[PDB]
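The structure appears below as structure tokens.
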Amino acid sequence: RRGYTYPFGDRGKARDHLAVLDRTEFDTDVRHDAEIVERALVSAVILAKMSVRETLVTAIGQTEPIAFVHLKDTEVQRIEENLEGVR
Amino acid sequence: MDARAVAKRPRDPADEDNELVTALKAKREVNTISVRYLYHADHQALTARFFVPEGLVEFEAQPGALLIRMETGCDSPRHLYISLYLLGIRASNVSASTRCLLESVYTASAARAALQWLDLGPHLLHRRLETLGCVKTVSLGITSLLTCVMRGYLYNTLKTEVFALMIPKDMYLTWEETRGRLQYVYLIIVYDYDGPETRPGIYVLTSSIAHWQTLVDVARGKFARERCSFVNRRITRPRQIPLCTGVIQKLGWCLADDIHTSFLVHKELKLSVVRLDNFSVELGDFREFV
Amino acid sequence: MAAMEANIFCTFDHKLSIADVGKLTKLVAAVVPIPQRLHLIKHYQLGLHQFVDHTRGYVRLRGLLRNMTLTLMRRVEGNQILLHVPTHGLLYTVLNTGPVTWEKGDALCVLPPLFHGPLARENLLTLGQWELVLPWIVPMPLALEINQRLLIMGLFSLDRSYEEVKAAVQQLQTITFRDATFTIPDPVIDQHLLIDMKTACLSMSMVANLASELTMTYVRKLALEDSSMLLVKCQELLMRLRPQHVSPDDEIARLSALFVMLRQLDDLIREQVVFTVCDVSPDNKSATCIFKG
Amino acid sequence: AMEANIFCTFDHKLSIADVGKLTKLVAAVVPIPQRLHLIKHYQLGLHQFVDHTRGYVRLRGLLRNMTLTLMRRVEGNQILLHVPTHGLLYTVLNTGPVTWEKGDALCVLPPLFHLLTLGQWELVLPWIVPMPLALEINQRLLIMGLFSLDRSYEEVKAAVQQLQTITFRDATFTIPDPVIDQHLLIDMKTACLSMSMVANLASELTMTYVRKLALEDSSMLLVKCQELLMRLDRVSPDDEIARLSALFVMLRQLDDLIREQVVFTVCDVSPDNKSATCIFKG
Amino acid sequence: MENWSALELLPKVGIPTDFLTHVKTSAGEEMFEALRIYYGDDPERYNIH
Amino acid sequence: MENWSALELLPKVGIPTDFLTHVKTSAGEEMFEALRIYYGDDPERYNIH
Amino acid sequence: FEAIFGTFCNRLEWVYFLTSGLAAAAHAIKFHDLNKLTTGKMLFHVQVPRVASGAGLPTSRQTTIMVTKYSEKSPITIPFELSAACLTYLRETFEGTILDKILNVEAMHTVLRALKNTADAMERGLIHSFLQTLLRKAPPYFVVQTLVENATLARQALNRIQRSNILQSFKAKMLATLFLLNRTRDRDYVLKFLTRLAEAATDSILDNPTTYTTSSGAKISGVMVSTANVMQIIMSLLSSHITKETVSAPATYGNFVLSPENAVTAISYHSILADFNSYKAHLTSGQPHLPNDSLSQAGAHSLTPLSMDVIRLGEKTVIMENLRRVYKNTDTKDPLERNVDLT
Amino acid sequence: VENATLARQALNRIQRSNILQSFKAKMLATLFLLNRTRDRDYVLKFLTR
Amino acid sequence: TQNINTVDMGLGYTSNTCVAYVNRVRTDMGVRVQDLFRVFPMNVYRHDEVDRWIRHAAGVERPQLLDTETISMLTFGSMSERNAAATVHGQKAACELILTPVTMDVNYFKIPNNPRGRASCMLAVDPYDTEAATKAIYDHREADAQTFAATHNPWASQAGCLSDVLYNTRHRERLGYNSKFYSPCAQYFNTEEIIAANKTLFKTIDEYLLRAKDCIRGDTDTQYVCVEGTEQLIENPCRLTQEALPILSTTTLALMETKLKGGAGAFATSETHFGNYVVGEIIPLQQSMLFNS
């Protein structure tokens, strides 16, 4: 919903990544939730990096890293300690 | 400058010789073209040629019909020319028998293509259509040719036939039994703000009122169900922004002593119509009212 | 029938004096209201003397005057008045009768008269309990001010006393448009004024709803940074006391409907342009005009 | 049988190439401040109107009341302007930045994007444009003026980048910004302040007035209206008089943007799209 | 059913014609069998084909 | 349909008519626009209205 | 300096419809009141010859067909445009100075130049529309070739066996001669094909015996027409049969004037009957045969001699016609240069 | 001289394709003309072309 | 404006259009294929990856997500494919059917036969007989008379077959296509009017003269259906006989070589090896077209 009513540097690739993001339905078996949530995450991070108006690596073959966009680092180390504790 | 030129009678603009005649007689030649009376010289019907496909020329061989143009967002046709009779499908005011009749006559590709184009965008019809006037001639090949009249009367060349504008009976609308001496005729498009049935109401109003404030004041009080429907769709579905609950525009004026009834015939499919004989065209833009 | 004839011969059925025809020949190229549009009308329909009800409702007379036909006067001879009907956009002059000063480049409007009394001394054709009262031709600022003040008096007269509305009548009726004073003759609450108030309040609620976030808080944002005389003149007429979301494809439709609603509001007081003077006479009695009717 | 032709003289020596430049602008529109008979070129067009600190809206308010003449002929030391009347039909050049079609309704606009030039004079002619692009430009410029104070943020620069361009048939055209050096011109400041004032008074007084009217409610319409206003919402009477007069004066200071009168409607354009035939309308 | 254009363009004799009632009454009450009463003037009668 | 009695009674122009096919073959296959083939001896030309 | 030599204006070469050889297929008739009719019909009362039959045979009945045949109209238009500067310099002098005479004479000469060009264009467009209307009523070669040979069999309505033979010979003659002059350059075969073509189509019903007669009493039967280079191929290959000589042509269009009696039936019964006085005379007398067609008497009465190409073949002298002059420097195609799609 | 009627506009793509095809056809056949053929009528036709 | 009118006073047909001299072929006279992806542009394989793989391996670009207004225009009519970069040869035009590999090629590729599968001659039936004509076209319990098998291509000669739904225009409207594209197979499959054209013989001749031809935009590198006025109609004998001519075709370059070497009218004969074969060019328009001069 937030990506519909937003102006971008380019409309077509934003619409394409948003089209990958929405209509996302998980299967019942837990094996193929991971790749679908990963393609949802890479679409969301592409919308994030382009909506803040900074470059993404457009090299063909390498995917963009799943990371938080423009955060204060105390919440980031909070995320690292929480994610390591659940590791 | 001197007193004789202002004391002379004005020069007859018709009885003086034509520019071709005063070019010929000063040099004294002859040509096979008969010249001495040019046609269309004493004309005020401001014509405009128009090209149309075959699918939109039905109900137009008989002269007098509204050649209302539209625009599609697709770039290859920038405009198209709908007739008023072809707009009756999207007209909610058209009865189901009449709609089933006039859908059985426009079964070419262009008419239904325009019908699909009308109900596709995020806009209403008043920012989709544009009125031109009345058609008087037709060439009728495969790609036909129409000559509309923007301003003036509706007459044949050499003034021998005053053409007449017909409108279908399901779009005619008068508001007082005591019709005035001179009366004007406007193009009302109202909107019922139902969800699925957002198909508008088409009306051709013929009233003696020429003012604009006293016309929209008596127009609010004759569409109060649709006005309350606009407020109802405004309140039950918020964060959607509709506009222009009704739109009017001045189409012309008639004499009120010859607005009568008739019937169009087109491939033996008759249709009862309201006929306006001595019609004039004086356009106004699409104004709105809430 | 025959169409709208260019000439309407008004015939005075009474006997006449000499001085009344002396006043009548001064009133050439003036405006008259005609309801009939025949060829050989009498003098009863000529002028607004057929419309003086026992209330003289000014909003009622204002609504009725636009429904009539504006017509020009020509050829004042013995018991003949050649009324030239108007046509769309030609150029022929006028002659004002009210004491309203005119300038160049402005528009004009037809209106019922003002400060109606014999202290003004209208020398307007007294005969047979019939006075030919003429419609005033006023420019657009005076017409807009009198319409907005009449609508303010209509909207203000709801749920208030019979002394505070009189305190508003004695305050509001004075107009000082271009160094001249004009009062409002007998303004009454009326059903026509009531339905115009109804449409006005509905349009006011529609602009109250259709306004977006920034479209309301822009003056509150501007009062934090810029400071002018206009902002201190208007901000003490408002109340006393980083956009969170913004979507221009929504605001475009918001303002698209908002201009429609503001048109629907402002059309109730900006009636119709009926004359646009190109140039005037220096004594400010006549003027060359465009677009008769 | 000569017609109304305003004789427009010049006040400067011109070359033959200058007249050859000027004779290309025959069937074009020219704004004139007063329906005169003999006029110089200093009162010929819009460059007499262009102010450094006043902008588009103040040019448009001085554009509603101009006699939109044409240029019938050009000759030695003079121009023959041709005043149009409502009813006739005339050829108008396609001097606007955007093309037309058959059947559109055309009106006037100031030239947003950038002819004869002298030392102090530059001959400039107004844009002639169809009505939907005119309304689109109005609603673009008012909103772009409304993003003036909050210009410092990083998203709204992309938002006004999106708002800066328009789209017609094959016309991917963009406009200049109304705000210069992060502060609004007083013209667009008044234009936006009028809108904010009428919104802020409509959201304040209409509730009181509709609940005053609700006892005399004689229709099924005003009650839905006050229910709508109630669902949104979750002193001495001279203040009320002043507030209503302030409402109507901020409405009166706004009518240059709320509408546009149709001036020309095309009838047939020239092939290769450089001129058209238009019936003039008031 | 009858070219009334062929009534005006041909020449005709002049006869003092007297109806029992008024002529518009005997017209509009269809004592005759086919009538083409029109007000004003029609240019229908001229364009002969 | 036209008045074929007017074709029969009125005088004609004697022409050495010839065309490429047989007459009945050109008649039964409608080489022309509108035709009329009376086969015996019609009395209809001796009736005039 | 630069040397501007004498300017060159192209003289518009002129071509009129009657002085071109294409008018032999036509019959030029002028008629001022053409803007007031719907159709020009032309009726025929065709009695057939029967033949006595023997015993037991079915006796042929005395029958007679009747057939109408109408007209086809196609109006021809040209726009030509005038600047308003040309108008305001035409009808208006500017103090009678020497700089007004140049513009006034220029405007008048431009107007008359455009008028002469428009008249020549109207003549060429008349030629073009006449050739279009003639070509629309033109069957191809193989159909008239099969019809001239199998007409003596199909004397009843067409059966299935006869239409089967006609379709087989359709395919045969179509596969024979789609491209003849490109294929073979035989003199005798091309001449035999052309005289078979000349004897194939039938003549019209009327012809003025005084028109289109050459010197030494030779009578023209028809006109053939082609483009330039195939006419060059015919003139280089069939050169032993081209007697380049003069011919007679109608000088002007024959006129067509309705009688004072014709206006009465024009107004009342909405119809026009030509040769009206001769019709009432021959009806009152009783001689049921007119001396001539109504449309034949309305033709021309004056003739002009002019040089052209006539070929003799099967003693059917026909005029060969080249159409380079009519469509040179024009903006339309030749109607004789089509395309063929062999799928 | 062969394709002159068809250039009634500025000549488009397929017409100059035909022109180039006829270039390739004519340049190979009519290159050394008196060395291939020595018929009198062919040199006559070539000289008048 | 000059109103003219002609009266065709000839009893029989009085004018014949022979065909004389062919000099240029504006088509390529070669072998390409009709771009069926451009004909029907909005038919996508429902799984996404197989569609991208097919469109990439066929050498065809994506449809660029044509919006529904452009889609409605494409159903109304539109030119999609641009002209090529350069072309010495003519305009491209060809087509494709689906054949059974054991069809009677000796009777069906050596003589002109209809590639629909049966003898579809509209003239051979009785006039005004739609039932007998549609039985001759669509039924398979009777044999046609040209080839006495009832069928020579069961994928092509039955109602509702592959080539029907690919080439009958009535079935092609239900799938949606570029109507500006020309398809040379549809003239053998337009049974919607082949039924409507089985008139009498002279009526069939005049129906062959007007409106039986086709219009082709000559300037564009691909073939387009024109409009009348921009280009004249193009006369076609294959619409009359409902046949098509057998151009020569080798299946091995040895046969093309021994056809090229011998010459002198050695083109109309059909020479058949074990698996290889040539069919005779029936009219020698590849033998002496270019070398005549």
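Identifiers in this document derive from the order of the structure tokens: chains are assigned A, B, ..., residues are numbered from 1 separately in each chain, and ligands are numbered from 1 in order of occurrence.
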
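The interface of chain B with chain C at 7 Å, considering only C-alpha atoms, consists of residues 209, 211, 213, 241, 242, 243, 244, 255, 257, 289 and 290 of chain B.
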
Can you pull out the residues contacting residue 335 (chain G)? Cut-off 10 Å, using only C-alpha atoms, and skip same-chain residues under 3 positions away; I want them as an MDAnalysis selection string.
(chainID G and resid 128:129 131:132 135 226:227 327 332 338) or (chainID I and resid 232)

Using N, CA, C and O atoms, can you write the selected residues to a file as a CSV table (one decimal), in the first residue's frame?
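Done, and the output landed in part22.csv:
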chain,number,residue,atom,x,y,z
G,128,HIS,N,-9.9,11.3,-66.2
G,128,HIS,CA,-9.6,10.3,-65.3
G,128,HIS,C,-10.8,9.6,-64.8
G,128,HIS,O,-10.8,8.3,-64.7
G,129,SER,N,-11.9,10.3,-64.4
G,129,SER,CA,-13.1,9.7,-64.0
G,129,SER,C,-13.8,8.9,-65.1
G,129,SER,O,-14.4,7.9,-64.8
G,131,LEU,N,-12.2,7.3,-67.5
G,131,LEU,CA,-11.4,6.1,-67.6
G,131,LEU,C,-11.7,5.2,-66.5
G,131,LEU,O,-11.7,3.9,-66.7
G,132,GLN,N,-11.9,5.7,-65.3
G,132,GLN,CA,-12.2,4.9,-64.1
G,132,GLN,C,-13.6,4.2,-64.3
G,132,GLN,O,-13.7,3.0,-64.0
G,135,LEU,N,-13.2,1.5,-66.9
G,135,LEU,CA,-12.4,0.3,-66.4
G,135,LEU,C,-13.2,-0.5,-65.4
G,135,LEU,O,-13.0,-1.7,-65.2
G,226,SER,N,-3.3,2.1,-73.7
G,226,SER,CA,-2.3,1.5,-72.9
G,226,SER,C,-1.3,2.6,-72.5
G,226,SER,O,-1.5,3.8,-72.7
G,227,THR,N,-0.3,2.2,-71.7
G,227,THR,CA,0.7,3.1,-71.3
G,227,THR,C,1.8,3.3,-72.4
G,227,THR,O,1.6,2.9,-73.5
G,327,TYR,N,-1.0,12.4,-67.6
G,327,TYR,CA,-0.6,12.2,-66.2
G,327,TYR,C,0.9,12.6,-66.0
G,327,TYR,O,1.4,12.2,-65.0
G,332,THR,N,-1.3,11.7,-59.1
G,332,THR,CA,-2.0,10.4,-59.0
G,332,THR,C,-1.3,9.4,-59.9
G,332,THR,O,-0.4,9.7,-60.6
G,338,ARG,N,-1.8,-1.2,-63.0
G,338,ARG,CA,-2.3,-1.9,-61.8
G,338,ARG,C,-1.2,-2.8,-61.3
G,338,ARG,O,-0.1,-2.9,-61.8
I,232,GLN,N,-4.9,2.3,-54.7
I,232,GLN,CA,-5.9,1.6,-55.5
I,232,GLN,C,-6.0,0.1,-55.1
I,232,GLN,O,-5.0,-0.5,-54.5

Close residues, residue 45 (chain F) itself excluded, 8 Å, only C-alpha atoms, min 4 positions apart in chain, as a ChimeraX atom specification:
/F:4-6,8-9

Compile a residue-level contact table for chain H against chain I at a cut-off of 8 Å, reporting for every qualifying residue the shortest atom pair and its distance in Å to one decimal, with only C-alpha atoms counted, rows ordered by chain and ascending number, as a Markdown table.
| residue | atom | partner | partner_atom | distance |
| --- | --- | --- | --- | --- |
| H:12 | CA | I:219 | CA | 6.1 |
| H:13 | CA | I:219 | CA | 6.5 |
| H:14 | CA | I:219 | CA | 5.9 |
| H:15 | CA | I:219 | CA | 7.7 |
| H:17 | CA | I:88 | CA | 5.0 |
| H:18 | CA | I:26 | CA | 7.0 |
| H:20 | CA | I:88 | CA | 7.0 |
| H:21 | CA | I:88 | CA | 7.2 |
| H:25 | CA | I:290 | CA | 7.6 |

With N, CA and C atoms kept, could you save the residues just selected as a PDB file, in the first residue's frame?
ATOM      1  N   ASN H  12      10.089   6.162 -51.957  1.00  0.00           N
ATOM      2  CA  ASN H  12      10.227   5.489 -50.678  1.00  0.00           C
ATOM      3  C   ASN H  12      11.158   4.288 -50.818  1.00  0.00           C
ATOM      4  N   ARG H  13      11.139   3.424 -49.801  1.00  0.00           N
ATOM      5  CA  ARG H  13      12.146   2.381 -49.639  1.00  0.00           C
ATOM      6  C   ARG H  13      12.041   1.314 -50.723  1.00  0.00           C
ATOM      7  N   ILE H  14      10.829   0.804 -50.956  1.00  0.00           N
ATOM      8  CA  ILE H  14      10.672  -0.331 -51.852  1.00  0.00           C
ATOM      9  C   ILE H  14      10.875   0.079 -53.308  1.00  0.00           C
ATOM     10  N   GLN H  15      10.662   1.358 -53.632  1.00  0.00           N
ATOM     11  CA  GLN H  15      10.832   1.798 -55.007  1.00  0.00           C
ATOM     12  C   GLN H  15      12.305   1.888 -55.366  1.00  0.00           C
ATOM     13  N   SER H  17      14.491   0.112 -53.838  1.00  0.00           N
ATOM     14  CA  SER H  17      14.884  -1.295 -53.897  1.00  0.00           C
ATOM     15  C   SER H  17      14.681  -1.869 -55.295  1.00  0.00           C
ATOM     16  N   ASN H  18      13.537  -1.563 -55.918  1.00  0.00           N
ATOM     17  CA  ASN H  18      13.309  -1.963 -57.307  1.00  0.00           C
ATOM     18  C   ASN H  18      14.304  -1.300 -58.254  1.00  0.00           C
ATOM     19  N   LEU H  20      17.407  -0.450 -57.497  1.00  0.00           N
ATOM     20  CA  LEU H  20      18.687  -1.134 -57.343  1.00  0.00           C
ATOM     21  C   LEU H  20      18.662  -2.519 -57.985  1.00  0.00           C
ATOM     22  N   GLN H  21      17.510  -3.195 -57.927  1.00  0.00           N
ATOM     23  CA  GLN H  21      17.355  -4.468 -58.625  1.00  0.00           C
ATOM     24  C   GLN H  21      17.509  -4.292 -60.130  1.00  0.00           C
ATOM     25  N   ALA H  25      20.276  -5.666 -62.780  1.00  0.00           N
ATOM     26  CA  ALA H  25      19.858  -6.351 -63.998  1.00  0.00           C
ATOM     27  C   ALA H  25      20.465  -5.709 -65.240  1.00  0.00           C
TER      28      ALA H  25
END

Among region 37-155 of chain G, which ones does DSSP place in strand (DSSP E), written as a PyMOL selection string?
chain G and resi 44-47+64-67+71-73

DSSP helix (DSSP H, G or I) residues within chain F, listed as a VMD selection string:
chain F and resid 4 to 9 23 to 28 44 to 46

Taking 4 positions as the minimum chain separation for residues in the same chain, which residues sit within 12 Å of residue 126 (chain I) when counting only C-alpha atoms? Answer as a ChimeraX atom specification.
/F:29 /G:157-164 /I:121-122,130-134,136,195,197-201

I need the residues from that last selection saved to file as an mmCIF file, in the first residue's frame (with N, CA and C atoms), if you can.
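This is the output file selection-v1.cif:
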data_model
loop_
_atom_site.group_PDB
_atom_site.id
_atom_site.type_symbol
_atom_site.label_atom_id
_atom_site.label_comp_id
_atom_site.auth_asym_id
_atom_site.auth_seq_id
_atom_site.Cartn_x
_atom_site.Cartn_y
_atom_site.Cartn_z
ATOM 1 N N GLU F 29 -29.417 -15.271 -65.967
ATOM 2 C CA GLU F 29 -28.273 -15.061 -65.094
ATOM 3 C C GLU F 29 -28.121 -13.610 -64.670
ATOM 4 N N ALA G 157 -30.984 -21.105 -69.492
ATOM 5 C CA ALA G 157 -30.274 -20.715 -68.284
ATOM 6 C C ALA G 157 -29.096 -21.654 -68.058
ATOM 7 N N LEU G 158 -28.077 -21.148 -67.365
ATOM 8 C CA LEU G 158 -26.823 -21.877 -67.224
ATOM 9 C C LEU G 158 -26.999 -23.119 -66.362
ATOM 10 N N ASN G 159 -26.570 -24.257 -66.891
ATOM 11 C CA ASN G 159 -26.653 -25.515 -66.173
ATOM 12 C C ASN G 159 -25.399 -25.701 -65.326
ATOM 13 N N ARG G 160 -25.257 -26.886 -64.751
ATOM 14 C CA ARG G 160 -24.067 -27.224 -63.991
ATOM 15 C C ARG G 160 -22.961 -27.750 -64.888
ATOM 16 N N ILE G 161 -23.327 -28.470 -65.948
ATOM 17 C CA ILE G 161 -22.344 -28.955 -66.908
ATOM 18 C C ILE G 161 -21.724 -27.794 -67.684
ATOM 19 N N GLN G 162 -22.535 -26.796 -68.029
ATOM 20 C CA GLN G 162 -22.048 -25.675 -68.812
ATOM 21 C C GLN G 162 -21.190 -24.756 -67.961
ATOM 22 N N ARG G 163 -21.577 -24.545 -66.702
ATOM 23 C CA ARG G 163 -20.733 -23.758 -65.811
ATOM 24 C C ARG G 163 -19.465 -24.514 -65.431
ATOM 25 N N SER G 164 -19.494 -25.851 -65.471
ATOM 26 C CA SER G 164 -18.274 -26.612 -65.236
ATOM 27 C C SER G 164 -17.302 -26.459 -66.398
ATOM 28 N N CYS I 121 -14.373 -24.032 -55.212
ATOM 29 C CA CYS I 121 -14.852 -23.140 -56.259
ATOM 30 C C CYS I 121 -16.288 -22.727 -55.961
ATOM 31 N N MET I 122 -16.492 -21.434 -55.715
ATOM 32 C CA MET I 122 -17.828 -20.936 -55.416
ATOM 33 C C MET I 122 -18.722 -20.900 -56.646
ATOM 34 N N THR I 130 -26.994 -21.708 -50.379
ATOM 35 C CA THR I 130 -26.031 -21.704 -49.284
ATOM 36 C C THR I 130 -25.845 -23.093 -48.695
ATOM 37 N N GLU I 131 -26.904 -23.904 -48.695
ATOM 38 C CA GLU I 131 -26.848 -25.230 -48.092
ATOM 39 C C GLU I 131 -25.944 -26.159 -48.889
ATOM 40 N N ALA I 132 -26.125 -26.190 -50.211
ATOM 41 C CA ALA I 132 -25.295 -27.036 -51.060
ATOM 42 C C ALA I 132 -23.851 -26.557 -51.077
ATOM 43 N N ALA I 133 -23.641 -25.240 -51.036
ATOM 44 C CA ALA I 133 -22.283 -24.709 -51.031
ATOM 45 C C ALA I 133 -21.567 -25.022 -49.724
ATOM 46 N N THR I 134 -22.248 -24.865 -48.587
ATOM 47 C CA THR I 134 -21.604 -25.203 -47.324
ATOM 48 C C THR I 134 -21.478 -26.709 -47.132
ATOM 49 N N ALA I 136 -20.622 -28.547 -49.811
ATOM 50 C CA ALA I 136 -19.438 -28.743 -50.634
ATOM 51 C C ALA I 136 -18.176 -28.285 -49.920
ATOM 52 N N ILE I 195 -19.593 -18.357 -49.106
ATOM 53 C CA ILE I 195 -21.015 -18.681 -49.166
ATOM 54 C C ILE I 195 -21.803 -17.518 -49.756
ATOM 55 N N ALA I 197 -20.961 -15.396 -51.957
ATOM 56 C CA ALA I 197 -20.510 -14.964 -53.273
ATOM 57 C C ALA I 197 -20.796 -15.976 -54.374
ATOM 58 N N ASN I 198 -21.633 -16.977 -54.123
ATOM 59 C CA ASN I 198 -21.899 -18.007 -55.129
ATOM 60 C C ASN I 198 -23.043 -17.612 -56.064
ATOM 61 N N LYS I 199 -22.967 -16.413 -56.626
ATOM 62 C CA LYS I 199 -24.078 -15.847 -57.378
ATOM 63 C C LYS I 199 -24.107 -16.424 -58.792
ATOM 64 N N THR I 200 -24.926 -15.832 -59.658
ATOM 65 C CA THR I 200 -24.888 -16.173 -61.071
ATOM 66 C C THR I 200 -23.600 -15.644 -61.699
ATOM 67 N N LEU I 201 -23.337 -16.095 -62.932
ATOM 68 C CA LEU I 201 -22.013 -15.944 -63.537
ATOM 69 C C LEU I 201 -21.663 -14.484 -63.798
#

Can you tell me which residues surround residue 37 (chain F) at a distance of at most 9 Å, considering only C-alpha atoms, apart from same-chain residues fewer than 4 positions away, and format the answer as a VMD selection string?
(chain F and resid 27) or (chain G and resid 63 to 67)

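When only C-alpha atoms are used to measure the gap to chain G, the shortest distance among I:112, I:280, I:263, I:41 belongs to I:112.
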
Per residue of chain H within 8 Å of chain G, note the shortest atom pair and the distance in Å to one decimal, counting only C-alpha atoms, and order the rows by chain and increasing residue number, as a tab-separated table.
residue	atom	partner	partner_atom	distance
H:5	CA	G:333	CA	7.4
H:6	CA	G:333	CA	7.2
H:8	CA	G:331	CA	5.4
H:9	CA	G:331	CA	7.4

If we count only C-alpha atoms and set the cut-off at 7 Å, which residues sit around region 74-82 of chain D, ignoring sequence neighbours fewer than 4 positions away in its own chain? Please answer as a list in words.
residues 4, 5, 6, 7, 8, 9, 10, 23, 69 and 70 of chain D

Would you mind exporting N, CA, C and O atoms of the selected residues as a compact mmCIF listing (two decimals), in the first residue's frame?
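out-v3.txt written:
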# COMPACT_ATOMS: atom_id res chain seq x y z
N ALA D 4 -11.65 46.53 -38.95
CA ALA D 4 -10.95 47.05 -37.78
C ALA D 4 -9.52 46.55 -37.80
O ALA D 4 -9.25 45.37 -37.55
N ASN D 5 -8.58 47.45 -38.10
CA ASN D 5 -7.16 47.13 -38.15
C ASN D 5 -6.42 48.17 -37.33
O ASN D 5 -6.32 49.33 -37.74
N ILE D 6 -5.91 47.76 -36.17
CA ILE D 6 -5.14 48.67 -35.34
C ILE D 6 -3.78 48.87 -35.99
O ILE D 6 -3.05 47.91 -36.27
N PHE D 7 -3.43 50.12 -36.26
CA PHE D 7 -2.15 50.43 -36.87
C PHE D 7 -1.09 50.46 -35.77
O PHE D 7 -1.13 51.33 -34.89
N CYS D 8 -0.15 49.53 -35.82
CA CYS D 8 0.90 49.43 -34.81
C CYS D 8 2.21 49.86 -35.46
O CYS D 8 2.80 49.11 -36.24
N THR D 9 2.65 51.07 -35.14
CA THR D 9 3.92 51.53 -35.67
C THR D 9 5.07 51.02 -34.81
O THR D 9 4.87 50.49 -33.71
N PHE D 10 6.28 51.19 -35.32
CA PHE D 10 7.49 50.88 -34.58
C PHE D 10 8.27 52.16 -34.31
O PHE D 10 7.94 53.23 -34.82
N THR D 23 7.70 38.66 -40.65
CA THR D 23 6.64 38.23 -41.55
C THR D 23 6.33 36.74 -41.44
O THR D 23 5.41 36.27 -42.11
N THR D 69 -5.66 40.29 -30.14
CA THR D 69 -5.66 40.63 -31.55
C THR D 69 -4.79 39.66 -32.34
O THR D 69 -4.09 38.81 -31.79
N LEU D 70 -4.85 39.79 -33.66
CA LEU D 70 -4.01 39.03 -34.57
C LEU D 70 -3.12 40.00 -35.34
O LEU D 70 -3.08 41.20 -35.05

Contacts of residue 189 (chain I) within 12 Å, only C-alpha atoms, excl. fewer than 3 positions in-chain, as an NGL selection string:
:I and (97 or 114-121 or 137-138 or 156-172 or 183-186 or 192-195 or 239 or 242-243)

Could you produce a table of the residues of chain A lying within 8 Å of chain C, with the nearest pair of atoms per residue and their separation in Å rounded to one decimal, using only C-alpha atoms, ordered by chain and increasing residue number, as JSON lines?
{"residue": "A:5", "atom": "CA", "partner": "C:247", "partner_atom": "CA", "distance": 5.3}
{"residue": "A:6", "atom": "CA", "partner": "C:247", "partner_atom": "CA", "distance": 5.9}
{"residue": "A:7", "atom": "CA", "partner": "C:247", "partner_atom": "CA", "distance": 7.7}

What's the separation between CA of residue 244 (chain G) and CA of residue 191 (chain G), in Å to one decimal place?
17.5 Å

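CA of residue 225 (chain D) to CA of residue 210 (chain D) spans 8.2 Å [interatomic distance, one decimal].
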